[PDB]
Each structure stands twice: as C-alpha cells, then as structure tokens.
C-alpha cells in the first residue's frame, strides 16, 4: 500500500483563506521529508468549502517547492474548461516537474457551476467524455483533431509535448455509475470519495469490476485510491466533535436533502475519526469495502498544529515499520 495527503483547504469563522493556504504550504514542506508518496489538491468554487479553484496552478507551486512527493490534482473538473488548455497545463506541469505530476480529474459535481460556466446540462456526460478524448489525444500524440457537436476545429499541435510517455498518469473520480462504468471500459483507476458511504463505495467497486470483466479489460495492475479524513484525539468523543464542526457547512451545502443528522453521523463514524483504535479500525473497513490500493488522508480538521503533526508522525512511523 502507498500513502498520501490531500488538501481540502476549507475555511470557516476561525481559519481564513490566507491561513489555510499558508498551513497547506507548511505541511507540504514538512511531509516532503517523510514517507508519504503523494500530495493532492482539491477543487471548489464560490464557497467556504474549499478555497482552491485552480488545482493545477497550485500543483505547479507545490511542485517547484518540493523534491520528493508526487503532486496531483484530486478532482479537476474538466467539463467546465477547454480540453486543449487542460492538456496545455497538464503537459507543462509534466515537463517542468519531470514526471512528478499526476492528473486526477472529474465530472461536474455541483449543477450551479454548470448553469454558471454555460455548458449544456442535458448532454453533460457526452461533453465530459468528449473533453477527455481530446485531452487524451494531446497527451498521447501531441496533436488533437476533433470532429463533433461540441468541438470542431482543425489539426492543431498542443505544445509542449508530454514528458512522461502517454502523458501524466490519470485517475478519475467515482462520482456516478455512468463514470465508473466509463472508467472501467478504459482501464482507468478510480479514486473513491471520502464524503461517500461504505455502502456506496462497495457498489461502485463492484460495478467497475463487472464492467471491466465483461469488456475483457486487464484490471490486475490497476490501483484504486481512497480518500479519507483522519482525526485522532486521545478522547474519541472530542475528535468527533472537532470534525463535526469542520464538516458542519459542507454537509448543508452539498448534502442539502438527505437529512443533516444522518449524514453527519455516517461521515463521522465511517471516516478515520476517533481514538487511535477507532480511527484505525474504520480505515481498514473502508479499504476492505472498495479494494483501494493507495490511501490519501486529510489531517486538516485538527486545529492544534502540535497535535496534527503528532498524528502525522505516527502514520509515517507505521509506514516505515510495516510498509517498507
């Protein structure tokens, strides 16, 4: 198993945007000396729940600032951008960093961003997939020439050409049955979301495999990733309290019609939140349900910098003793 960190960069009444960005940079710097494999950035727009709207640009900075970690965008939403530019940027990061950039992308999760960037909400899946086809052409051929209802232009060259052969590694967010099935047929790895339930992830996991099994695609060398929140307090009840407030607004913004108490109750017990033992047990359960090979954790909900670093140092010690 491989481990990594991901940054949600949420801001609330106690932590402002300048603060959360400054804390992210300190951690990248710290963790770059350790055994953590990957550092990933989350994308969000117009709300307190995620201050980074341009993950690739933040990935560029982290890349030029660190020496070991691989840096990845965790869920760059491609449907709301021009394919050719996403490829231009991704290939630039690939070149400047010499193969340390990973391309995590996604379909559009919030509809208010679709009806904002004025993209047709009726043909969202076809758009998303056409966008990928164009990016992927560029990655693999250095050129791209589309001829369809969304993008029609001549044969252009996309500079600079990729550094890593075939373009930077890719992985797609498990946002819908349609996407998973789609990812399955191509052999692209998925990243299971932390805001999902264990039940929902096992279902996606199963579907990916049946579709993969059916279309005759070799999924034995594919490494799925799972994201999880980690908060370890000596008083597991405190931990659940602290994470509760962190998540408070996120659950109302994104999960407006489920029932607040239910979802908060589920995110809290299914994520690595609690005492060392509870936190740990939950992790194993989550990994068994989806068959993720890599684990990305977020330690941002712990406000005390001393405590956060302590918990980080332990995860790192376990990686050395048991995963070398």
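Residue numbers count along the first chain shown, from 1. Rigid core: the largest C-alpha set superposing within 1.5 Å between the two forms.
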query: Larger mean CA deviation from the shown form in 4 other deposited structures of this protein [core fit; 249-257 vs 132-140]; finding: 249-257
query: Positional deviation of Cα atoms in 4 other deposited structures of this protein after core superposition, greater for 309-317 or 10-18; finding: 10-18
query: 293-301 versus 251-259 - greater average Cα B-factor per the deposited record; finding: 251-259
query: Between 239-247 and 78-86 (mean CA B-factor, as deposited), the higher; finding: 239-247
query: Top Cα B factor in the deposited entry, candidates 223, 215, 132, 193; finding: 215
query: Highest recorded Cα temperature factor - choice among 153, 101, 128, 163; finding: 153
query: Third of the chain, ranked by Cα B-factor, where residue 227 sits; finding: lowest
query: Ranked against its chain, the third holding the CA B-factor of residue 35; finding: middle
query: Modelled-residue ranking by C-alpha temperature factor, third containing residue 91; finding: lowest
query: Among modelled residues of the same chain, the CA temperature factor third for residue 271; finding: middle
query: Among modelled residues of the same chain, the CA temperature factor third for residue 142; finding: highest
